[PDB]
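Before any comments, here is the structure.
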Amino acid sequence: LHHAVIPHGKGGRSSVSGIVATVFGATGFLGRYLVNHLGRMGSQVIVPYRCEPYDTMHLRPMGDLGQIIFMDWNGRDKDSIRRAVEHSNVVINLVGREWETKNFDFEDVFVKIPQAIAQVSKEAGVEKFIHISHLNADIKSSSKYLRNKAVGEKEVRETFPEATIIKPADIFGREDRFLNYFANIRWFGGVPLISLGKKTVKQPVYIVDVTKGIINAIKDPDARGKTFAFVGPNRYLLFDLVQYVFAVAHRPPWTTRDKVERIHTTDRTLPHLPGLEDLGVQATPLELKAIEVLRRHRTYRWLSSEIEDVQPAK
Amino acid sequence: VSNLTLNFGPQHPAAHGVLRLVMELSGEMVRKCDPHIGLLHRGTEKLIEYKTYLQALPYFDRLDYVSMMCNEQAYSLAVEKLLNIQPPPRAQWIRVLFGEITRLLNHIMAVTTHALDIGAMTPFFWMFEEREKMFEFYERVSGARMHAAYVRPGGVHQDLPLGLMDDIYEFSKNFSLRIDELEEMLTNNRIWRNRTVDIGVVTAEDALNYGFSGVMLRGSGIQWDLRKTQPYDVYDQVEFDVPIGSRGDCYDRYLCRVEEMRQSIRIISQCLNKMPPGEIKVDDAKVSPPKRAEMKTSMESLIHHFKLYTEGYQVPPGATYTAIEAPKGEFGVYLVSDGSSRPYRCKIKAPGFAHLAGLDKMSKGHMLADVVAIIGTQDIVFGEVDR
Amino acid sequence: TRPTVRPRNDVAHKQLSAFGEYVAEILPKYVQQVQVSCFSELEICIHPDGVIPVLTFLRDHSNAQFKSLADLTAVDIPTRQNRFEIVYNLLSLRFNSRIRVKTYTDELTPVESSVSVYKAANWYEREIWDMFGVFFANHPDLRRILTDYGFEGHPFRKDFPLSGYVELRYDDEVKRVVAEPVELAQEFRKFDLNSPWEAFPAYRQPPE
Amino acid sequence: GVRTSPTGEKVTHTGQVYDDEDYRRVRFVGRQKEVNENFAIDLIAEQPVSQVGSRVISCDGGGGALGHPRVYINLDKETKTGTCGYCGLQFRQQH
Amino acid sequence: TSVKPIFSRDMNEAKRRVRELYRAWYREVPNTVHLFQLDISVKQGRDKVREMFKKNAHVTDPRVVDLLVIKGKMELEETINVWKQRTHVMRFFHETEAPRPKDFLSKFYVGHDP
Amino acid sequence: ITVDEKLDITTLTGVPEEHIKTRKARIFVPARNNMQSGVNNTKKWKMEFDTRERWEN
Amino acid sequence: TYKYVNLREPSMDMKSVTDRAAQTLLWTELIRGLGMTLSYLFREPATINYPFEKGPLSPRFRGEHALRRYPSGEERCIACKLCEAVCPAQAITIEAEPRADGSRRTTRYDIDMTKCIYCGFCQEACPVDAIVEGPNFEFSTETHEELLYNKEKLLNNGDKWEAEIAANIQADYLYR
Amino acid sequence: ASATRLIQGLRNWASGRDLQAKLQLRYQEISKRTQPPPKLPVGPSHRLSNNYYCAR
Amino acid sequence: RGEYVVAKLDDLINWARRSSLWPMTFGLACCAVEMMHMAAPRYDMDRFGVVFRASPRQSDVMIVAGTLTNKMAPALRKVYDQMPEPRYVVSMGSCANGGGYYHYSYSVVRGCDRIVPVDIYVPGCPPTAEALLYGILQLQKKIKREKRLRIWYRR
Amino acid sequence: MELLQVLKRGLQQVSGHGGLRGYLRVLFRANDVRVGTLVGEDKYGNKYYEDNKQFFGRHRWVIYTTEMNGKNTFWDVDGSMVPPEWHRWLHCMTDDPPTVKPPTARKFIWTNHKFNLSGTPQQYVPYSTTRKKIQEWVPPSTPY
Ligand SMILES: CCCCCCCCCCCCCCCCCC(=O)OC[C@H](COP(=O)(O)OCCN)OC(=O)CCCCCCCCCCCCCCCCC
Ligand SMILES: NC(=O)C1=CN([C@@H]2O[C@H](COP(=O)(O)OP(=O)(O)OC[C@H]3O[C@@H](n4cnc5c(N)ncnc54)[C@H](OP(=O)(O)O)[C@@H]3O)[C@@H](O)[C@H]2O)C=CC1
Ligand code: SF4
Ligand code: SF4
Ligand code: SF4
Ligand SMILES: [Zn+2]
């Protein structure tokens with residue numbers, strides 16, 4: 001054994017597969033799914049967790065035995081992150097709230113934490129480090145978190161040059177914070193957005209496509225040192241989304257223009273970057289999965305739901 | 001159209017095992033009930049084929065867990081019968097003793113849990129205290145609480161610890177008083193009675209075709225017993241008498257279980273009086289292991305030890321069906337032996353697997369609220385039914 | 001032979017031999033082989049036709065009753081031109097006796113509806129279907145007992161390994177229990193316990 | 001006071017020590033690696049060499065009915081110490 | 001070679017009965033996929049049904065055909081009713097089976113003699 | 001009865017998964033374990049399968 | 001013999017049916033009998049405080065799987081594989097490499113307490129009584145990992161208490 | 001039982017006669033533990049000169 | 001300083017919430033009987049405040065006892081899946097805790113981890129009622145150190 | 001008339017056992033408050049009490065006290081706090097306490113008998129024994 005060298009048997013549930021890794025965050029959503037694929041293919045996992053002992057139990061069933069091992073840490077001091085990644089095939093980063101809390105700010109959450117964990121990543125002598133951020137991270141203003149995190153990718157690429165720095169677009173799934181938010185914003189006052197109308201082009205991407213993107217990126221060579229993004233394959237919707245996802249599924253602490261300007265951010269940005277198939281994985285249109293996650297209503301009639309089919313100028 | 005389809009429920013607070021059920025009914029009345037069994041099925045009979053006789057025996061312990069030493073007695077009698085061996089007398093007597101003790105267990109459970117299901121929170125408590133005394137006996141005997149075997153082919157091993165029969169006597173002394181306390185707790189209660197009187201009756205010949213064997217045939221006409229007719233061990237000798245009932249009414253079956261508890265006290269008593277001090281295991285070194293004193297210091301004892309554990313004794317080929325009286329009724333294993341160490345194919349017979357198939361007819365005439373009592377009345381364990 | 005050995009009786013032996021012989025005289029059509037175990041349990045072999053006639057008989061005739069069906073089962077034996085032995089095991093209520101009825105079938109050849117004699121045969125037959133796959137002609141119902149609804153493959157038959165071909169687990173992807181090709185943490189270590197020397201000289205077969 | 005790896009792991013009476021490369025070592029982070037602090041072999045040389053003025057002797061290994069089964073060991077060759085096959089405690093014939 | 005055929009003497013009536021069965025399924029696909037609240041489009045489900053028929057299409061002996069038909073009407077007899085939860089009806093679909101490489105040098109590249 | 005005489009090779013699709021295509025089955029009479037002398041292990045044909053990989057958990 | 005119940009003649013004669021209208025009507029049997037036999041309440045209940053008190057047990061009781069060693073500990077286990085051979089759950093593992101001294105012990109001796117049914121067979125089969133079911137039931141691990149025992153954990157279990165097990169074995173070896 | 005006055009009269013007056021073996025089993029009759037150490041017999045065979053394994 | 005209030009209130013909602021913890025008894029197989037003996041008078045549950053009541057909605061925590069077959073498993077996870085969000089799973093018996101005396105054949109699921117996450121594994125076959133009880137107590141002592149709220153205070 | 005004996009039982013046990021604060025102490029400690037029964041051979045911090053034999057099943061009882069293994073505190077009471085021999089004699093295993101019949105006092109037994117290691121940084125983690133398997137080959141460091 002050199003580095004986890006010899007996978008065994010049909011992948012998953014005690015099949016060794018290839019990797020060890022680690023996942024920061026993972027206490028909710030995208031990390032949860034990602035670990036579900038890593039353990040689902042049998043690899044060992046290390047999930048460092050916040051001081052909450054209880055809420056991580058939901059992640060237990062997906063690790064078989066002797067895998068998904070837990071340890072305490074906090075992003076402030078080196079030695080914890082140092083201790084977590086000592087033995088790893090790779091390491092990947094998922095971090096940060098969509099709002100600011102007390103001690104933490106939008107700065108240092110996408111800034112200092114990647115600085116540290118990437119620094120000790122290089123010092124630990126580990127390869128294939130994956131780092132993520134939001135799509136259309138730009139030095140230009142109108143989104144605090146976004147200019148910040150853009151500087152995040154700046155330093156993440158400055159130190160530890162070789163790594164996959166990958167921007168998904170608005171990520172879409174079961175427990176996610178985006179489309180569910182639109183479903184829950186319909187309440188009193190009816191003023192979520194469309195203040196000036198239009199002006200918003202957006203292409204949400206369904207989650208399993210993203211996480212499969214990460215797992216191919218992690219186990220496929222020539223995914224290192226190449227930055228690229230994810231794209232909702234077809235939809236590329238206007239605000240007609242809001243009235244769509246509001247139409248289907250019918251009808252029954254946050255933050256300011258940080259949040260509403262966040263969701264109001266508009267761009268698909270730059271065409272030339274390896275999109276999806278350049279990483280070799282299929283893409284999912286919105287419809288079916290949207291039904292799945294939405295549920296609700298009275299459930300008794302399948303009906304049609306009249307797909308939006310914005311595809312403006314597409 | 002009308003009717004319905006309703007379903008089971010996951011547990012009552014005492015629930016032993018879970019069934020589903022689908023009852024096509026009329027307004028608060030069940031026209032058709034179709035129990036779905038097989039919910040808890042652990043696939044024992046496929047496992048036994050892979051493990052030698054001495055190994056597969058705990059399966060015959062825990063296939064029906066409530067009554068245990070009885071099932072032990074069934075499988076052991078099967079291997080002895082097919083293997084041409086007799087256990088020494090004292091082994092037979094001990095086996096009888098704990099047989100009827102175990103019968104006292106499964107009966108007191110069936111009755112009490114039948115109460116707790118229906119209502120009547122307390123009798124469960126009063127009597128399962130005494131049941132805890134019973135397991136206090138097992139823990140001395142076999143060195144564990146419930147599933148500990150303490151039964152082999154060719155006789156039991158590890159005879160009673162010195163001073164056990166005193167405790168046995170002491171419990172058996174006043175158990176009569178306490179069970180009579182239950183008989184005042186019930187039996188002339190207008191509630192319990194007036195809930196179960198005519199519910200789920202059976203015609204004798206009908207019970208024969210449906211193959212019910214147990215307190216069923218007892219309480220409904222058709223006087224029959226395996227204990228009396230086909231004595232399988234020294235259990236022949238001791239005197240006692242079985243009850244019956246003429247109403248076939250499911251109340252008779254209750255009272256018959258009771259009187260079988262009392263008679264079980266008689267059998268326990270006489271057994272304590274008759275106990276010969278012969279020995280535990282048979283003396284044939286190749287059927288059953290030697291005790292350690294002979295094991296060490298003596299060569300052939302060592303060999304028969306070592307092989308009798310690794311390979312295990314070989315049983316000549318033959319097909320046997322043995323049947324005993326177990327507190328749920330007639331229980332039996334059909335052994336099929338290639339001349340070998342391992343068994344080959346052995347299908348146990350679960351009385352619950354028969355009795356359960358009868359709910360179709362038995363429950364045809366009473367609404368579901370008493371379909372509760374219809375299921376609970378015939379002693380049944382869904383761990384034994386499935387297998 | 002006095003201690004340690006079961007004393008055997010020749011009374012029940014002669015009686016049961018007489019009775020089986022009798023059955024052979026009265027039913028020449030279906031009867032093939034009538035034997036008595038040396039521990040005295042009569043066992044009758046029957047062609048896979050007269051199961052209905054033979055059992056209709058053994059329930060009646062007033063010189064035999066067998067009102068109660070003890071247990072219905074089967075044994076999966078490869079090496080035979082017919083894989084299975086359907087074993088009817090009966091209980092005589094009046095006379096204190098039990099006799100067995102063996103019949104055979106392959107996979108495709110059905111055995112026809114023993115229900116019409118004994119109601120107790122109702123579930124035993126279904127359980128046989130699910131766990132083996134012997135089909136039963138015009139049974140009032142056929143369903144799955146003891147196995148999962150979507151399950152397949154008739155487990156008890158030796159073609160089916162100890163473990164299954166599937167497992168269950170749960171994952172936050174689909175929010176439902178799923179199935180994956182069986183993967184054991186431990187190999188299920190296999191043992192060869194069968195020793196040479198033919199411990200039993202009697203049952204030996206002629207070599208060829 | 002067991003021989004300790006350069007990593008700090010305590011090797012065992014059958015040396016299991018992991019290699020610095022092996023990822024599996026991470027399972028000991030934050031939790032103790034358990035090993036019996038008292039080796040077996042170290043207690044064999046602890047024992048004196050028993051001597052018997054007879055030619056052929058027995059070992060019950062701690063008394064009757066508790067211990068290993070009897071075996072008679074041959075002390076004829078005195079250029080080595082005849083050892084029990086169960087206990088491991090040597091014997092010699094005195095001179 | 002003797003035999004006791006079951007519901008049909010020749011492959012003709014076999015083909016007849018399997019046509020019947022496929023009619024039944026094609027009836028009750030929408031009612032089920034709506035009934036357990038599956039996420040599959042009726043078209044897709046039907047396609048998997050006809051697929052599962054096509055998998056066995058190479059059989060000849062009408063005993064075997066008839067027996068398979070008994071299997072079919074049995075499982076359909078369980079899905080027409082509620083006896084089978086969302087789980088198994090999904091379990092026909094394989095979402096959580098990882099895609100198995102069927103091309104050689106990919107198989108060789110990993111599986112070492114599957 | 002109308003026995004319906006029929007001639008074709010018997011095959012079974014009512015049994016497990018795609019393992020049928022890949023694996024070859026072996027028939028033999030196991031040769032006596034040499035370190036013992038006796039034949040009762042022999043005399044009965046057996047069927048075992050091509051083995052497959054195993055790893056250290 | 002048959003002794004049967006409920007076959008009786010209810011008397012429709014007077015002085016029986018008096019107490020039948022009294023019985024149905026006034027609930028005397030119900031009230032008196034039941035309410036009073038519960039008013040049997042006052043007997044001191046049987047309850048035991050488990051942290052501070054413990055129920056009875058037996059010298060043959062079966063706890064957890066401690067390995068034993070001789071005086072001047074030799075690792076009493078010879079490696080002879082029996083305890084693994086008779087394990088009805090198959091859960092044991094033994095791999096034995098002859099060590100420096102030439103005597104044979106086990107490299108990896110493992111148990112899955114999950115799989116383990118707590119037979120007692122491995123306690124009977126051991127020729128030297130190396131492994132014995134402990135007196136102590138001490139359990140409730142927080143992970144499925146922790147219930148799998150190395151040879152090492154079984155040793156340390158044996159060192160934690162022996163004179164315990166020595167008292168039990170010394171008591172009951174006459175029975176076995 | 002524990003010292004009981006007028007409540008044991010209540011119990012004597014409800015459910016009838018009692019006080020033989022209080023339901024709780026807590027009063028003596030515990031056998032001590034094995035005053036003698038056990039010594040067990042051995043049945044037929046276990047004897048030279050009588051037997052050859054063929055007969056028995 | 002309010003962190004004193006934080007820790008104190010933690011010991012309040014925690015103190016009570018653990019002091020009661022009345023679960024539901026799933027009770028598949030012969031471990032269920034032993035559990036009932038924990039509910040018997042001798043070993044009685046009630047002293048510790050644990051109450052016996054049956055419904056997954058009222059259920060504080062769940063005891064998986066008995067052998068878990070493939071056929072039962074989905075229903076089990078549903079019973080888990082309509083439950084008060086704070087919840088805990090105690091695996092009783094050698095079977096459910098990793099497969100026990102079967103662990104093989106097919107119909108039985110191996111461990112109850114493969115279905116729902118688990119907290120207290122109590123071995124035994126059956127675990128002696130005392131042992132099961134010790135498992136519940138140790139679960140309480142896992143409830144003590146939850147320290148759940150002051151990390152919601154994010155310090 | 002009779003009740004005075006009862007209130008003298010309670011008054012006696014609370015008076016002699018623990019004193020003024022002792023009744024509250026033992027009461028909240030263990031909700032079972034018993035008459036002081038003999039001594040019970042203290043050994044470690046935990047003190048033992050063997051009843052006069054007044055009744056079975058609740059024969060004997062214990063207070064675990066505090067500080068065991070220089071770890072935890074009181075209020076943590078559970079099993080395994082008893083050492084091995086008191087585990088034997090407390091469970092009815094044997095009717096003879098450890099001081100009257102002493103243990104064999106072997107040299108290699110633990111002198112601590114520490115707590116219960118579940119949880120905490122001190123915890124048992126299972127792992128593979130033996131030694132590697134196949135001893136992979138290595139290339140020579142000298143080119144050509
Ligand atoms: C001289 C001038 C004229 C004077 C005239 C005086 C005439 C007096 C004649 C008697 C007066 C009435 C006596 C009480 C009658 C009450 C109603 C009754 O009789 O109920 C009985 C009834 C019978 O049940 P069952 O046999 O199923 O029904 C027959 C239907 N064919 O139902 C039952 O038996 C079942 C009821 C069970 C209820 C549950 C159990 C209750 C237990 C506690 C009850 C006692 C509570 C006492 C009060 C507490 C303090 C307030
Ligand atoms: N809509 C979206 O959310 C989109 C997100 N992304 C990117 O994907 C990433 C992952 O998304 P998602 O799964 O929703 O992330 P989550 O916010 O749901 O999960 C991250 C976890 O890490 C914890 N965490 C890590 N560092 C800190 C810290 N310093 N302070 C507090 N908590 C911390 C969080 O809180 P706790 O400490 O309590 O565990 C949480 O448990 C995002 O960070 C973003 O870069 C991209 C596009 C869209
Ligand atoms: S008690 Fe446990 S280790 Fe011993 S034989 Fe039984 S299952 Fe195996
Ligand atoms: S039976 Fe005893 S000596 Fe033999 S391998 Fe097992 S523990 Fe070791
Ligand atoms: S662990 Fe043992 S007692 Fe519990 S359910 Fe399984 S077989 Fe029964
Ligand atoms: Zn020796």
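Residues in the structure tokens are named by chain (A, B, ... in the order shown) and by number from 1 within that chain; ligands are numbered from 1 in the order shown.
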
Distance limit 7 Å, reference ligand 1, atoms considered: only C-alpha atoms and all ligand atoms. Which residues make the cut? Give them as a CSV table (one decimal) with N, CA, C and O atoms, in the first residue's frame.
chain,number,residue,atom,x,y,z
B,190,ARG,N,-67.4,-9.7,35.1
B,190,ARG,CA,-68.4,-9.5,34.0
B,190,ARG,C,-67.8,-8.9,32.8
B,190,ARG,O,-68.3,-9.1,31.7
B,194,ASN,N,-67.7,-11.3,29.7
B,194,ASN,CA,-68.7,-10.8,28.7
B,194,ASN,C,-68.1,-10.2,27.5
B,194,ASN,O,-68.7,-10.0,26.5
G,24,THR,N,-75.8,-10.0,38.9
G,24,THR,CA,-75.8,-9.1,37.7
G,24,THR,C,-76.1,-7.6,38.1
G,24,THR,O,-75.4,-6.7,37.7
G,25,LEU,N,-77.0,-7.4,39.1
G,25,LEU,CA,-77.5,-6.1,39.3
G,25,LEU,C,-76.5,-5.3,40.2
G,25,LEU,O,-76.2,-4.1,39.9
G,26,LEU,N,-76.1,-5.9,41.3
G,26,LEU,CA,-75.4,-5.1,42.4
G,26,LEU,C,-73.9,-5.2,42.3
G,26,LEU,O,-73.2,-4.5,43.2
G,27,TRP,N,-73.3,-5.9,41.4
G,27,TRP,CA,-71.8,-5.9,41.2
G,27,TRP,C,-71.1,-6.4,42.4
G,27,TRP,O,-69.9,-6.0,42.6
G,31,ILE,N,-67.1,-5.8,42.6
G,31,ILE,CA,-66.7,-4.9,43.6
G,31,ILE,C,-65.8,-5.6,44.7
G,31,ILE,O,-64.6,-5.5,44.7

Contacts of residue 81 of chain J at 9 Å or less, counting only C-alpha atoms, minus same-chain residues fewer than 6 places along, as an MDAnalysis selection string? chainID J and resid 46 64 68 113:116

Test item: residues lying within 9 Å of ligand 6 with only C-alpha atoms and all ligand atoms, as a list in words: residues 58, 59, 60, 61, 62, 67, 68, 69, 70, 71, 83, 84, 85, 86, 87, 88, 89 and 90 of chain D

Output for the residues just chosen: N, CA and C atoms as a PDB file, in the first residue's frame:
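Result file follows (out-v1.pdb):
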ATOM      1  N   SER D  58       5.852 -35.200  34.827  1.00  0.00           N
ATOM      2  CA  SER D  58       4.537 -34.773  34.381  1.00  0.00           C
ATOM      3  C   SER D  58       4.389 -33.274  34.560  1.00  0.00           C
ATOM      4  N   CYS D  59       3.480 -32.686  33.798  1.00  0.00           N
ATOM      5  CA  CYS D  59       3.014 -31.329  34.053  1.00  0.00           C
ATOM      6  C   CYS D  59       1.497 -31.324  33.965  1.00  0.00           C
ATOM      7  N   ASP D  60       0.839 -30.999  35.073  1.00  0.00           N
ATOM      8  CA  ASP D  60      -0.571 -30.656  35.006  1.00  0.00           C
ATOM      9  C   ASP D  60      -0.766 -29.196  34.645  1.00  0.00           C
ATOM     10  N   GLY D  61       0.258 -28.375  34.841  1.00  0.00           N
ATOM     11  CA  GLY D  61       0.135 -26.955  34.616  1.00  0.00           C
ATOM     12  C   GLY D  61      -0.796 -26.271  35.593  1.00  0.00           C
ATOM     13  N   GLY D  62      -0.511 -26.380  36.885  1.00  0.00           N
ATOM     14  CA  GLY D  62      -1.289 -25.690  37.889  1.00  0.00           C
ATOM     15  C   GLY D  62      -2.263 -26.528  38.683  1.00  0.00           C
ATOM     16  N   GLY D  67      -6.126 -26.654  34.431  1.00  0.00           N
ATOM     17  CA  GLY D  67      -4.828 -26.595  33.808  1.00  0.00           C
ATOM     18  C   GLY D  67      -4.868 -27.300  32.476  1.00  0.00           C
ATOM     19  N   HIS D  68      -3.767 -27.479  31.935  1.00  0.00           N
ATOM     20  CA  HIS D  68      -3.737 -28.191  30.674  1.00  0.00           C
ATOM     21  C   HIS D  68      -3.709 -29.695  30.929  1.00  0.00           C
ATOM     22  N   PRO D  69      -4.073 -30.527  29.954  1.00  0.00           N
ATOM     23  CA  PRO D  69      -4.083 -31.970  30.196  1.00  0.00           C
ATOM     24  C   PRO D  69      -2.677 -32.505  30.395  1.00  0.00           C
ATOM     25  N   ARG D  70      -2.600 -33.686  31.004  1.00  0.00           N
ATOM     26  CA  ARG D  70      -1.304 -34.265  31.333  1.00  0.00           C
ATOM     27  C   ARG D  70      -0.510 -34.584  30.081  1.00  0.00           C
ATOM     28  N   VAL D  71       0.794 -34.372  30.167  1.00  0.00           N
ATOM     29  CA  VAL D  71       1.741 -34.889  29.190  1.00  0.00           C
ATOM     30  C   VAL D  71       3.046 -35.160  29.918  1.00  0.00           C
ATOM     31  N   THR D  83      10.980 -28.608  27.655  1.00  0.00           N
ATOM     32  CA  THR D  83       9.906 -27.657  27.896  1.00  0.00           C
ATOM     33  C   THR D  83       8.551 -28.316  27.712  1.00  0.00           C
ATOM     34  N   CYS D  84       7.619 -27.978  28.596  1.00  0.00           N
ATOM     35  CA  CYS D  84       6.231 -28.364  28.399  1.00  0.00           C
ATOM     36  C   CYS D  84       5.691 -27.723  27.131  1.00  0.00           C
ATOM     37  N   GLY D  85       4.788 -28.427  26.452  1.00  0.00           N
ATOM     38  CA  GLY D  85       4.222 -27.890  25.228  1.00  0.00           C
ATOM     39  C   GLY D  85       3.053 -26.964  25.479  1.00  0.00           C
ATOM     40  N   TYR D  86       2.507 -26.995  26.687  1.00  0.00           N
ATOM     41  CA  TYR D  86       1.381 -26.128  27.042  1.00  0.00           C
ATOM     42  C   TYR D  86       1.875 -24.921  27.833  1.00  0.00           C
ATOM     43  N   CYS D  87       2.404 -25.159  29.035  1.00  0.00           N
ATOM     44  CA  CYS D  87       2.861 -24.045  29.853  1.00  0.00           C
ATOM     45  C   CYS D  87       4.029 -23.338  29.195  1.00  0.00           C
ATOM     46  N   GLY D  88       5.094 -24.076  28.909  1.00  0.00           N
ATOM     47  CA  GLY D  88       6.326 -23.476  28.458  1.00  0.00           C
ATOM     48  C   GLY D  88       7.361 -23.319  29.541  1.00  0.00           C
ATOM     49  N   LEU D  89       7.146 -23.922  30.706  1.00  0.00           N
ATOM     50  CA  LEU D  89       8.067 -23.775  31.821  1.00  0.00           C
ATOM     51  C   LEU D  89       9.009 -24.973  31.874  1.00  0.00           C
ATOM     52  N   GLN D  90      10.309 -24.690  31.839  1.00  0.00           N
ATOM     53  CA  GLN D  90      11.334 -25.690  31.577  1.00  0.00           C
ATOM     54  C   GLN D  90      11.485 -26.672  32.732  1.00  0.00           C
TER      55      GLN D  90
END

Using only C-alpha atoms, I'd like every residue of chain I that has an atom within 12 Å of chain E; please write them out as a PyMOL selection string. chain I and resi 70-75+77-78

Please identify all protein, DNA and RNA residues within 6 Å of ligand 5, counting only C-alpha atoms and all ligand atoms, and report them as a ChimeraX atom specification. /I:29-31,66-67,93-95,100,125-126

Output of the above residues as a CSV table (one decimal), in the first residue's frame, restricted to N, CA, C and O atoms:
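File written: part11.csv
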chain,number,residue,atom,x,y,z
I,29,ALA,N,-38.7,-9.4,18.5
I,29,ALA,CA,-38.5,-10.9,18.8
I,29,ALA,C,-38.1,-11.0,20.2
I,29,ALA,O,-38.2,-10.1,21.0
I,30,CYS,N,-37.5,-12.2,20.6
I,30,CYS,CA,-37.3,-12.6,21.9
I,30,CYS,C,-36.6,-11.6,22.8
I,30,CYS,O,-36.7,-11.8,24.1
I,31,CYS,N,-35.9,-10.7,22.3
I,31,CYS,CA,-35.4,-9.6,23.2
I,31,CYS,C,-36.6,-8.8,23.7
I,31,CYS,O,-36.5,-8.2,24.8
I,66,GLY,N,-35.1,-7.4,19.0
I,66,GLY,CA,-35.5,-8.5,18.0
I,66,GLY,C,-34.7,-8.4,16.8
I,66,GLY,O,-33.9,-7.5,16.5
I,67,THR,N,-35.0,-9.4,15.9
I,67,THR,CA,-34.3,-9.5,14.6
I,67,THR,C,-35.0,-8.8,13.6
I,67,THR,O,-36.2,-8.9,13.4
I,93,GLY,N,-30.0,-6.2,21.9
I,93,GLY,CA,-29.9,-7.6,21.4
I,93,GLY,C,-28.9,-7.8,20.4
I,93,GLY,O,-28.6,-6.9,19.5
I,94,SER,N,-28.3,-9.0,20.4
I,94,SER,CA,-27.2,-9.3,19.4
I,94,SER,C,-27.7,-9.2,18.0
I,94,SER,O,-26.9,-8.8,17.1
I,95,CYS,N,-28.9,-9.6,17.7
I,95,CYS,CA,-29.4,-9.5,16.3
I,95,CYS,C,-29.3,-8.1,15.8
I,95,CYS,O,-28.5,-7.8,14.9
I,100,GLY,N,-26.2,-10.6,14.9
I,100,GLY,CA,-26.5,-11.6,15.9
I,100,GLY,C,-26.3,-13.0,15.4
I,100,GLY,O,-25.5,-13.3,14.5
I,125,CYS,N,-28.0,-11.9,24.6
I,125,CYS,CA,-28.9,-12.6,23.7
I,125,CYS,C,-29.8,-13.5,24.6
I,125,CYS,O,-29.5,-14.7,24.7
I,126,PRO,N,-30.8,-12.9,25.2
I,126,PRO,CA,-31.1,-11.5,25.3
I,126,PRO,C,-30.2,-10.8,26.3
I,126,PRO,O,-29.7,-11.4,27.2
